[PDB]
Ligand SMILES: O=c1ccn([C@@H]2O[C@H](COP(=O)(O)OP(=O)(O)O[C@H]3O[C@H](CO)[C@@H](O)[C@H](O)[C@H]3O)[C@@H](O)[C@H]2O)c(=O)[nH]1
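A lone chain, given as structure tokens: the form solved without the ligand.
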């Protein structure tokens, strides 16, 4: 299955941090934000990935991540010249997607939980239908909202919201999504809305929802406060539980994409902080 990271634009809410730095390059503890959604595609077993960003950001992401060969994956880049809605991902990515299934993750979304990888790996391995991920939030109505029983409805930012399950920024689709995205009508405000893509699979009876309740984290990166809360969570998990979240090199290595010697070479030009040292130890034993 292929994957797309869509970043994302902005963000103004984070000014002045985002005056001269892309939101998705801001730290979340010790890693650029975009490491987090990338790691989620990687943990899903997705290895062919298109990163879509603004014309201004695209070169910076490419500088950060290159073509992915150090991680044993393949990264490509495209531009979204105007922010016309998330579903543009599948028009912009039409050629890259080809005949394949494809997952889309938003560049500012952070997921974490034991048993998450299982859910990702299961969604990636579904050859038919769409899988979305629901999260209990206090603020339903500034998200897409999913009502269930098994899915009964989905609405984008419903002023009367029929549940407190936000539809998170992670979606897995079969190849029909390309044609679906083409047949969406733009919303008031000329956006091609992902929630219409999800309504199309609902109508087919083939929208599957994974509800991440107990044991799962989905972190808000939208404000100075929530961005620091995210960094503290990551540091706290990492320090108290001796584990790394979205350490791309560790994941490439655990998934069998890269060898012991290749991991050591990733730690050789960087043998210093607690990042590199996690890696070079990992590589021994």
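Positions refer to the first chain, counted from 1.
The same protein also has a form deposited with the ligand bound, omitted here; what follows describes it.
The pocket of the shown chain is blocked, since the ligand, superimposed from its pose in the entry with it bound, puts 3 or more atoms within 2.4 angstroms of backbone or C-beta atoms. Listed stretches are 201-209, 184-192, 68-76, 93-101; the contact stretch with the ligand in the entry with it bound is 184-192, by a heavy atom cutoff of 4.5 Å. Although the partner is absent here, residue 172 sits far enough away that none of its heavy atoms falls within 4.5 Å of the ligand in the entry with it bound.
In the entry with it bound, the ligand stays beyond 4.5 Å of every heavy atom belonging to residue 151.
Using a 4.5 Å cutoff between non-hydrogen atoms, residue 147 does not count as a contact of the ligand in the entry with it bound. At the 4.5 Å threshold, heavy atoms of residue 233 stay clear of the ligand in the entry with it bound, well away from it. Annotation: in the entry with it bound, residues 6, 9 and 84 each come within 4.5 Å of the ligand through at least one heavy atom.
Residues in 245-263 all lack a heavy atom within 4.5 Å of the ligand in the entry with it bound.
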